[PDB]
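K.L.:
Right, I'll just put the structure down here and ask away after.
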Amino acid sequence: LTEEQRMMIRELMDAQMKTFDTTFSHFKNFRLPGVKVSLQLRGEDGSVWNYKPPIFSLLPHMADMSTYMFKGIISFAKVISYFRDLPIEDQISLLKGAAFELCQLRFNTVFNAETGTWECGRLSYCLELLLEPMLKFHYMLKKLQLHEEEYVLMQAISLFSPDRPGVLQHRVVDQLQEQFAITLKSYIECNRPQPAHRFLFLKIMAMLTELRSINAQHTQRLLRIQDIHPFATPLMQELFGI
């Protein structure tokens with residue numbers, strides 16, 4: 001790995017730890033389904049609130065988690081030099097295209113494939129299959145057992161996609177995305193020699209293509225819900241254009 005590739009991962013890792021509240025400590029004041037996902041809420045005192053689903057009862061809450069997560073993704077991008085050196089218009093166009101993808105890549109780090117639950121600090125999202133592109137993605141990506149460096153690089157590649165509808169400096173964004181892909185490839189060939197990690201780089205690139213597919217599929221479905229039962233917050237509207 002060259003010094004630049006090293007300074008690249010560091011700038012990415014530094015942006016991650018600064019904007020990723022892995023314990024969801026600042027996530028409060030969120031809506032709950034006032035009386036297929038189980039919801040657990042561990043209290044500091046030791047009390048536990050569990051929710052067993054019965055159908056738009058979880059949209060409000062889920063909308064609060066999204067906004068909280070989205071805010072982390074925006075802060076991540078804005079603290080990255082390669083991102084700030086881009087025209088505001090391109091920052092917005094890129095953020096709207098990767099927003100969901102980066103949230104998923106992040107949710108995967110707190111995903112427990114064993115128990116099939118997202119341990120988000122005090123909160124917990126358990127299931128009640130795998131034919132769902134969403135769940136299959138989380139399980140497959142988890143199986144790869146990636147390092148933190150490999151996750152932030154996946155976020156970089158995703159964020160700096162030149163093919164996002166609205167990008168102007170698609171030439172600059174394209175060169176950046178390539179420098180990020182190369183760094184990931186070099187990092188893998190220099191830290192993971194095990195025969196099991198063969199073709200790892202290409203497996204990661206296929207997952208991102210899957211994520212791009214899942215993302216484009218989600219948007220449509222979310223807009224179909226917003227068309228029937230509005231739930232999107234102001235921030236979710238700025239991103240999905242509503």
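Numbers run from 1 along the shown chain.
From the backbone N, Cα and C atoms, a Cβ is placed for every residue, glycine too.
Swiss-Prot feature annotations, pasted as is:
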{"type": "BINDING", "residues": "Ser66, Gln104, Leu105, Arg106, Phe107, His218", "note": "hyperforin binding site"}
K.L.:
List the same-chain residues at least 6 positions away in sequence whose Cβ sits under 8 Å from the Cβ of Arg106 (hyperforin binding site), in sequence order, or say none.
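P.N.:
The list for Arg106 (hyperforin binding site) reads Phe20, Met69, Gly72, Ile73, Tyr151, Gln155, given in order along the sequence.
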K.L.:
Counting only residues 6+ apart in the same chain, whose Cβ is under 8 Å from the Cβ of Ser66 (hyperforin binding site)?
P.N.:
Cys103, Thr233, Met236
K.L.:
Applying the rule Cβ within 8 Å of the centroid of the Cβ atoms of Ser66, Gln104, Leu105, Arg106, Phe107, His218, what extra residues of the same chain belong around the hyperforin site?
P.N.:
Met69, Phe100, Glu101, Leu102, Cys103, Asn108
K.L.:
Work out the three-state DSSP category of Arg106 (hyperforin binding site).
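P.N.:
Note: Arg106 (hyperforin binding site) is helical by DSSP.
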K.L.:
So the entry has no coordinates for 32 residues flanked by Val35 and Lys36. How far apart are their C-alpha atoms in Å?
P.N.:
16
K.L.:
For the hyperforin site as recorded (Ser66, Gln104, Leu105, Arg106, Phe107, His218), determine the largest distance between any two Cα atoms, in Å, rounded to the nearest integer.
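P.N.:
17 Å is the greatest Cα spacing among the residues binding hyperforin.
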K.L.:
Relative to the Cβ of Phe107 (hyperforin binding site), which residues of the same chain, six or more apart in sequence, are found under 8 Å away?
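P.N.:
When sequence neighbours closer than 6 are ignored, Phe107 (hyperforin binding site) has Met69, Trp118, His138 within Cβ distance under 8 Å.
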K.L.:
Quick one: 7 residues missing from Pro54 to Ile55, so how many Å between their CAs?
P.N.:
7
K.L.:
Find the Cα-to-Cα distance between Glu128 and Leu129 in angstrom, rounding to a whole number; note that the 8 residues connecting them are absent from the deposited model.
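P.N.:
In this entry the gap's Cα endpoints measure 10 Å apart.
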